[PDB]
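Trainee: quick one, fold the following:
(chains A, B, C, D, E, F, G, H, I, J, K and L, ligands or ions: 4)
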Amino acid sequence: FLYX
Amino acid sequence: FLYX
Amino acid sequence: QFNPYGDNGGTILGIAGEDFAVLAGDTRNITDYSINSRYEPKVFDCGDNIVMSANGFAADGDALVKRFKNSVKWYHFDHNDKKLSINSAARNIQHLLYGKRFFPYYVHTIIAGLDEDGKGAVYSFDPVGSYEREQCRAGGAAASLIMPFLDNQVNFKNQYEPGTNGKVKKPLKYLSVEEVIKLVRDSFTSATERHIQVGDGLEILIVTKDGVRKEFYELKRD
Amino acid sequence: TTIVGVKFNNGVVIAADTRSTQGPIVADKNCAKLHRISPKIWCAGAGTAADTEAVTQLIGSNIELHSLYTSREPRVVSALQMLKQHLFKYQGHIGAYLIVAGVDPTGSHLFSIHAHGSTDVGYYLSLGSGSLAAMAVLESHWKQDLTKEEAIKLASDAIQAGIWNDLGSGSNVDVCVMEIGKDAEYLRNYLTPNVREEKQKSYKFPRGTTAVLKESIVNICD
Amino acid sequence: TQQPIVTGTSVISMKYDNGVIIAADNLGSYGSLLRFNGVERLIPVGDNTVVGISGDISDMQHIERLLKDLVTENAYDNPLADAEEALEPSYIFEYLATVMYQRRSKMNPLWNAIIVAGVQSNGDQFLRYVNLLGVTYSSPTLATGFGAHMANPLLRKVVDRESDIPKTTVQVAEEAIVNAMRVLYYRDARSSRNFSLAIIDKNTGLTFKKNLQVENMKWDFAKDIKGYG
Amino acid sequence: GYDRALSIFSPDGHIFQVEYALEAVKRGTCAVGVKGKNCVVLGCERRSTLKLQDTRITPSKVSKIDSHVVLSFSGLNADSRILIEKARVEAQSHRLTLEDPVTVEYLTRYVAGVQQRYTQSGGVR
Amino acid sequence: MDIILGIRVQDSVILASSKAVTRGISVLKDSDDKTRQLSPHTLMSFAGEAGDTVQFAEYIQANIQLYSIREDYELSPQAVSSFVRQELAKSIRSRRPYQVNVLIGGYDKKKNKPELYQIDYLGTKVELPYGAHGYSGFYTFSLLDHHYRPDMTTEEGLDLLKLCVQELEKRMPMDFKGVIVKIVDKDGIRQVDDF
Amino acid sequence: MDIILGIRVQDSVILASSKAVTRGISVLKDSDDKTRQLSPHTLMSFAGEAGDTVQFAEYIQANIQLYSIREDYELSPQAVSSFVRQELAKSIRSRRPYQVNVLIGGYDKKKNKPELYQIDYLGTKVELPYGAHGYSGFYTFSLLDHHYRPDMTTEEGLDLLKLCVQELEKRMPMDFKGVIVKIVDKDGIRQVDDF
Amino acid sequence: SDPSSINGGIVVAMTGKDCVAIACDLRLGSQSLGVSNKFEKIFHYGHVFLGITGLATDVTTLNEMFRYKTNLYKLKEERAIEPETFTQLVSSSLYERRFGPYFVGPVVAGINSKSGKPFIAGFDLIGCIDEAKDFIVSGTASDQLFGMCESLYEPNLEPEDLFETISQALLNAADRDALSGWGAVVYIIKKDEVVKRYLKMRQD
Amino acid sequence: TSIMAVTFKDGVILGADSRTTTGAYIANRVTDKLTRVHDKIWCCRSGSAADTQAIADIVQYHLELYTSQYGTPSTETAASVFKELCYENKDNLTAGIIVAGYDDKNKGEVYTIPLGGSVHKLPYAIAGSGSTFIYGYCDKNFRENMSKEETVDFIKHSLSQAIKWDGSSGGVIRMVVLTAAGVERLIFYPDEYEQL
Amino acid sequence: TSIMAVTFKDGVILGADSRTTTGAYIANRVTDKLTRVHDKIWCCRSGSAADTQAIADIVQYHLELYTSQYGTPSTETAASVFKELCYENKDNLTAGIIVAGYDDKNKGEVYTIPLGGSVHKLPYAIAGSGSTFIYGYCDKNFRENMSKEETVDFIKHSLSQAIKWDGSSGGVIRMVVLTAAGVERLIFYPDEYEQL
Amino acid sequence: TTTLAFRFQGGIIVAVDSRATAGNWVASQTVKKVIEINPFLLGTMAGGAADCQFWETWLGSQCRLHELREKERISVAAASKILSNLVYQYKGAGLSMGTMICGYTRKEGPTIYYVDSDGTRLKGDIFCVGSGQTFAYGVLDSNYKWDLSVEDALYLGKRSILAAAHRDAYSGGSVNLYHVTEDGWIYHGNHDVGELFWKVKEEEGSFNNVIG
Ligand SMILES: [Mg+2]
Ligand SMILES: [Mg+2]
Ligand SMILES: [Mg+2]
Ligand SMILES: [Mg+2]
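Mentor: Numbers count the residues shown, from 1 in each chain, chains lettered A, B, ... in the order given. Ligands and ions are numbered 1, 2, ... in the order given. Right below this line is the structure:
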């Protein structure tokens, strides 16, 4: 998934 | 490393 | 437990012309999410019109370049100042790399120069010394981003002659040093956008029969 | 990611970067990490991108229903209490690290929420991978009784520290200013210091370059 | 294969117009225990070099002995030991860099991050980093541990690239270093208030400053913080 | 280890220890080799000052190195056993790696190589 | 490697050895001879780890051939088996042991008797009327217990062996591509070409 | 379980399924039919985990037979395959998933066309001219790529299938004791007794 | 046993001048073994197009699930779902399975029928929305696609030019990935006509 | 973390540092680890910040609802509610809480609740990582029925040492005074306590 | 284990407990953790008893052989030999040694050698499991140029607290006094130090 | 990788693919997987690129020293056994090589030896080695006869690599053909699968699974  |  | 390896990021790119070769590499050095240096060159003139870069784990990269440079020096002493041909250098590096087959140098190695016929040559090596002469090779973190672009623009892959019903391929031809440097600059700006370990600066070493020239270009610093 | 919150005399200001990443690759070059819980309660998210959006959207909904039921403008402590009770229930499995800020009848507020359900109070806060770069700037330049224009400058400077020095952070600076007795102003793309330089070359292909096997009209109508 | 026991935290450094500045706190941590408070982690070699060492202190004390022995060995059969054939920062660094990489390659590393700050015989600023992996890099600003995360961002606002070095004075540079040491004291849990600072200038030479303290600290705003909401 | 250079050059350019080794051969019982059109024959003298010998068990003058090669000699009997043993081992070693028995030239070249090594190795005659 | 059988009868020893050489999901060869002649009247079949099997077999073969030349004399099957066992007994406490299991079928010319020795990779030697290595034994031993007689002829021994191969082809999971059969007797070693 | 093949030709679908049921070092049975008739013109072959295979096959069979009675109508091969895929798609995120891989060979009476569906235990459905499951594919797919033509007769399809079984019997490590072959066409399902 | 890279495959979407393009490879394999060269990863519900990479059983399941949901949407709303709305529905649906997710990399593409604006969006596996002006990439050769798109792409391409750019982006990316390729499909989407083209590419 | 409660003549005093650390980084250097569960019942939070916050919130609710029905709860009652949560959820909690309150009948009381969820009523308590370094000091220096100024000095000197040796402890020394007079908050800055 | 060395006006004093434990069982309740490496160079042994004994034996041999050739070694020389063994064999040693000696030139000196094998010259040192509890106490109470009686009390009170809180520390308090006068052994029994 | 060599009336046919991979990443599609040891000796490479390349190059040095020392070209058996004895010394080290030693000599005739890194050495008439060995075997075995012509044998060898190049995700690039006779090895060109597939599909009428 994506992270920030 | 590579394989063939 | 102590891990002897690390990843210093960055990416390198070698392209071979007709009577020249370029070896380009970004000047960014990183560990994890921290920038170590914005200008740490990893493309070196090793003499005898050979330029070399060992991208990946900088410690192993510097060690290898150092050992090869020393190998060139002792080649002169032992063989009456004879010039080390790019093909001979490539085989010598295989032996340096494979010497550590069971404790490998963690690097993707590219050398560039001229063959004994005066034509542009690029050799690329896997971490354990398997090597191959090519017109084109990207190495390091952003290799997977740049390489398919090079396939399309240098070797003209998947490109067919318009209106030939995809039957006649776009013909292979040598690129000018001007056209090659455009692709290198656009490869690195594209790589800088989409890869976090690539940016800061671009250093290109151009090899002609006249010798080794350098060019530097700014990249985005985020 | 680099999200900061700064308190000034008549309000609170939150700012965030615009970079979203999968592994080392940049998925979104310009993504908004500032979320509206309520018209005067805004939140900046770091950690699992999906989790931060979802948890903010869910509480934002429950706060609106609570506001309608009580015939009162929502309070920051309500959003905070509902968030930290929800996050605690899931024992950190919801990877949402939030800086909650807003104005309400009670006054101006600035909090930080962690995935495990812990909460902090402060005049200046920083969350995400670039927090240490941001907090360095905040610790160096922050003072008591900041003006609006000083707080925006400090907040955007703290984000910039992350953009340049942290690999996880980059691109632009989003800002939201929540001042008492005024509508909150969402300054999307307040700073765009990472504009892509003109490419060396247009890669617009001659029409017919791609080889085609079949064509067909697709029916989208009934 | 080691594990570090007694450790030193951030070493921070930067170049300015005429020379280099390096600083490091005087703490020897024993995990979370702040055990030793009289530890010097800046070790001068001659009058033109300072080696700043973080990481394991036992390995730091070993490196101290190697540098001490290097000065002795250099003086042997050397009439110009205090002139043309004196030890350069570049010589001292390359020696350590060789040792650090040899030790990692034998899977028995010196568990350290080292910054060699000095001025060459031709007046050039020398600043280069080496660690337990044998990784070497040079930059207008260098820092180890938490320094890399918090100091570098602040020091880079002063000297962002090479062209900024001639524009940076020793007053501005030293101020930036002392500010960085304060920020590290706020935010590093294995840092101390007491630190040493060294300036190697091509004109005034080596200036070693002991028993410095972090000061002008902002704590007043804490009185207004009650609970977590 | 014993290092002394026993085999060395003399002023006239002779290696006396090699030439004195030939005198030991000249003392040894006569051995003759005659190769025909489709065979080789190895003849060997046996001095007759030794009666009450047991010819069943007494080491035979001609030795098999492999099933297809033989070796006769003249000179010191004890020395011959060391050359024969080495040759027999090299014969099996060749079959193992080359998957083919030695040629007579190869087996000779090996034995000759061993004899040569002892003429410029320290501590050996 | 997998299936190696041995049956000592009245006047001979019979060694059957599977012909399949499998690696992964591919049968690379279906005509492999898993045996070496150590001396004119001594045969050794082998099965186990890839590479080790042949390397071990040829090493033993070389040593026995060297002894034969030196002494101009053939070592007894008992003597050869004892030598082979000691080599495996050394091997098991080496840095990398030979993972090779062998059957030594020989005819002792001095005693005028056939002899079958079963030696595993640990150096566990046993003289048997019939032997097997690997999973083969789990079928063949009970079958031979029933059908075997000590005074059988070479022809009876081959029929008894056919009964074993048939049972293995019926109940064994893997296709071992039949067997090469060899007979050791007073006249030396010869291969049965049609099995 | 192991080998299940399927070849869709002009006017029929042909399912070959290995007869061996192995457990440990023992082939327990050499005549096992790894197939169930779901409806008069729909056949499903299956391979995978012991117990799961038959339990799944019979469960599907019961559901399709129930539908047939309720509506007095035969579900299309496409409809049956979609139903089977959804059951496996449910299964994979269950507490204990069905570890069963299936081929559904059917003849659509409304379209007058043979249809072959390859569905793995994850619920990955594909319509193919020829399909295989397990290691079989690694040999048969390249072979069929070469020799297969879309307009082949049932007899040509059986010869093409014989070529697959021969290649598998040559190069496959395990003895799968031949195959049961069944043909699905406009006249329904029938078994080839001599293969 | 990495669900996202068992079957393999890629989807790429791009925006042009009053048009969008979405393209995908046709490979479905079981790791090294190529199984199907007809497995399309792009579906559509009215004028809204969805491409799905990742585990093929989930690609099929989600297609059937969104058809189900867009059908009920249309019956109740008495109009076709718009790309912006559908994007939200995809996000909601994926995050509903937050602690047991569909191993997919979906990509929405289409033109809003009311505003006429070209729209593309990508999602992660847990349902985080990635909205983009230029392009969205997904699959086992996402790195390659990111490199190709970032260098080749330029804004406001005409439908016929956009076709060449997206096609060369997919083809050259797919040839540097083992688990992608084996044929490709490109949808060119205008306000009220859609062209679907099958590309010729190397079959290894 | 360094926390302590000391019972003196006029009531009880709660003392704590202000440093919250994730690994070796300080997340908050001005934490308020002293929290209100009732008007004159306060607690000291050590261990998981998330867990100790969640617990504190539940008890305040319990004592608020207790007050609505049965009037002011005893300090023992508050400690009993803390224990009940800590003991029954011992497998999922990392929380060392010191409960300190002022009744008019019972005066100053201190209850310590370690990880186990056991209750220990003491004349004074110390907890958190920093406490280890001041067991020797606190034992030698503590006296019963101290004055307010003596108890403030005792806590200040104690936490001063705890802070000096513990990496996980630092920042300001917060204190809360519970007496019949009411509730008084105190703060002490590094520049004061460091050079004690 | 609880050990400490304190430097005062007339020389140095070494102090230690007498408890050696395997797990929670006391193997020896009268251990002598103070050992002689030279006439006026002594050390304090903490960590693996086997490792610290083996090390101590080697150094005594080294300093005996040193004395045969070059006369009396300095306390620094002794600490250097200890360090050399501890540092070079850091992977195979669990030993925290405090080296304390009396020269006539240098007077009382204390060197502490933690697990790492680093050397730290200090006015006083504390080591072993029990030390943690008395960092606060020892820091507040230690003064330079104390008298013999003050230093004996300082060590007795310090180890008394260390023993009170540490399960691994107990028994008698042994002390060794190094001055120009000579070498004096002291012992203190529970019945005395417990009720300090 | 996919490599095959088979023996027939006309001599030995050696066909190899040209692709090298690191995981699912295609590193190169232009690799020489056949080494020309000498005019009558060929070496095939599968497994670790470095291992095969380095040790087969090294073998060529050992084969040269043999003919200097023995004034005679090394046998295929001896050449294969130098390599098999070498890798056996490294057994357990983690060398990954699957190689075929193909050559002609007077005493042997045309000979193929399979040599792998766990020390297996097999003489045989047909071998396929690589990730797509099974795909190659499928086509080769089903079409193989001893009486194939040099033209047909060359095609079958080419078609068998193409078959594997198609189905196997980790095989492709181009087909490199060799023909070993009594007069030595003869190179029969590099054939890109890009063009070869469509050329074969059209002319042969095969590959009906693919959208034409
Ligand atoms: Mg950055
Ligand atoms: Mg499937
Ligand atoms: Mg392929
Ligand atoms: Mg005790």
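Trainee: does the longest strand anywhere in chain G reach chain L?
Mentor: When every strand of chain G is counted residue by residue (DSSP state E), the longest turns out to be strand G:100-108. No. Contact between strand G:100-108 and chain L is absent, the nearest approach being 11.5 Å (criterion: C-beta under 8 Å from any C-beta of the partner chain). Heads up, the C-betas are built off the backbone N, CA and C, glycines and all.
Trainee: what's that strand packed up against?
Mentor: Contact partners of strand G:100-108 among helices and strands, from 3 or more C-beta pairs under 8 Å, 6 or more residues apart in numbering or on different chains; DSSP states H and E: strand G:4-8, strand G:13-18, strand G:42-48, helix G:52-71, helix G:77-92, strand G:113-119, strand G:130-133, strand G:179-185.
Trainee: just send the ones you listed back as JSON lines, with distance to residue I:178 too.
Mentor: Conversion of these to JSON lines gives the following (distance: least, C-beta to C-beta, whole Å):
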{"stretch": "strand G:4-8", "distance to residue I:178": "41"}
{"stretch": "strand G:13-18", "distance to residue I:178": "36"}
{"stretch": "strand G:42-48", "distance to residue I:178": "35"}
{"stretch": "helix G:52-71", "distance to residue I:178": "34"}
{"stretch": "helix G:77-92", "distance to residue I:178": "42"}
{"stretch": "strand G:113-119", "distance to residue I:178": "47"}
{"stretch": "strand G:130-133", "distance to residue I:178": "41"}
{"stretch": "strand G:179-185", "distance to residue I:178": "41"}
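Trainee: endpoints of stretch E:7-23, how far apart?
Mentor: In terms of C-alpha to C-alpha, to the nearest Å, the two terminal residues of stretch E:7-23 are separated by 16 Å.
Trainee: now do that stretch: distance to the chain's middle.
Mentor: 5 Å (C-alpha atoms, centre = their mean, to the nearest Å).
Trainee: and residue I:196, bridged to which residues?
Mentor: For residue I:196, the residues forming beta bridges with it (DSSP bridges) are residue D:216, residue I:187.
Trainee: surely it meets residue D:213?
Mentor: No. In this structure residue I:196 lies outside contact range of residue D:213 using C-beta atoms under 8 Å: 11.2 Å.
Trainee: can you give me the helices in chain D?
Mentor: Using DSSP state H, the helices found in chain D span residues D:49-70, D:76-89, D:131-141, D:148-165.
Trainee: quick one: is the last one near chain E?
Mentor: Yes. Contact of helix D:148-165 with chain E (C-beta under 8 Å from any C-beta) involves D:161, D:164, D:165.
Trainee: and the first one, by the same measure?
Mentor: No. Judged by C-beta under 8 Å from any C-beta, helix D:49-70 and chain E are separated, with a smallest distance of 14.2 Å.
Trainee: list the buried residues in that helix.
Mentor: Of the residues in helix D:49-70, those scored as buried under the neighbour-count criterion (16 or more other C-beta atoms under 10 Å in any protein chain shown) are D:49-57, D:59-60, D:63, D:66-67.
Trainee: any chance of the residues you listed in JSON lines, plus distance to residue L:56?
Mentor: Conversion of these to JSON lines gives the following (distance: C-beta to C-beta, whole Å):
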{"residue": "D:49", "distance to residue L:56": "50"}
{"residue": "D:50", "distance to residue L:56": "51"}
{"residue": "D:51", "distance to residue L:56": "53"}
{"residue": "D:52", "distance to residue L:56": "55"}
{"residue": "D:53", "distance to residue L:56": "56"}
{"residue": "D:54", "distance to residue L:56": "57"}
{"residue": "D:55", "distance to residue L:56": "59"}
{"residue": "D:56", "distance to residue L:56": "61"}
{"residue": "D:57", "distance to residue L:56": "61"}
{"residue": "D:59", "distance to residue L:56": "65"}
{"residue": "D:60", "distance to residue L:56": "66"}
{"residue": "D:63", "distance to residue L:56": "71"}
{"residue": "D:66", "distance to residue L:56": "75"}
{"residue": "D:67", "distance to residue L:56": "76"}
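Trainee: which one of these sits closest to chain E?
Mentor: Chain E has its nearest neighbour among the buried residues of helix D:49-70 in residue D:59, at 14.2 Å by C-beta to the nearest C-beta.
Trainee: can you give me the neighbour number for the closest residue to chain H within chain F?
Mentor: Distances between chain F and chain H by C-beta to the nearest C-beta are smallest at residue F:99, namely 28.2 Å. When neighbours are counted by other C-beta atoms under 10 Å in any protein chain shown, residue F:99 registers 13.
Trainee: same question for residue J:2.
Mentor: Going by other C-beta under 10 Å, the residues that sit close to residue J:2 add up to 32.
Trainee: and if you look at residue J:145?
Mentor: When neighbours are defined as other C-beta under 10 Å, residue J:145 has 10 of them.
Trainee: identify the residues contacting it.
Mentor: Under the criterion of C-beta atoms under 8 Å, 6 or more residues apart in numbering or on different chains, the contact partners of residue J:145 comprise J:8, J:9.
Trainee: before we move on, what about residue I:131?
Mentor: Applying C-beta under 8 Å, 6+ apart, the residues near residue I:131 are D:28, D:31, I:87, I:120, I:121.
Trainee: check the gap between it and residue I:107 for me.
Mentor: According to C-beta to C-beta, to the nearest Å, residue I:131 and residue I:107 sit 12 Å apart.
Trainee: hey, what's in contact with both of these two?
Mentor: I:120, I:121.
Trainee: so where does the residue of chain F found nearest chain K fall, helix or strand?
Mentor: Among the residues of chain F, residue F:1 lies closest to chain K, at 34.8 Å counting by C-beta to the nearest C-beta. For residue F:1, there is no host helix or strand (DSSP states H and E).
Trainee: neighbouring strands - and their directions - for the longest strand of chain G?
Mentor: strand G:42-48 (antiparallel), strand G:113-119 (antiparallel).
Trainee: the most far-flung residue of chain J relative to its centre: which element?
Mentor: Summary for chain J: using C-alpha atoms, centre = their mean, the residue whose C-alpha lies farthest from the chain's mean C-alpha position is residue J:69, with a distance of 27.3 Å. When secondary structure is defined using DSSP H and E, the element that contains residue J:69 is helix J:49-70.
Trainee: returning to that earlier point: show me how far the longest strand of chain G is from its chain's centre.
Mentor: Mean-position distance between strand G:100-108 and its chain equals 5 Å (C-alpha atoms, centre = their mean).
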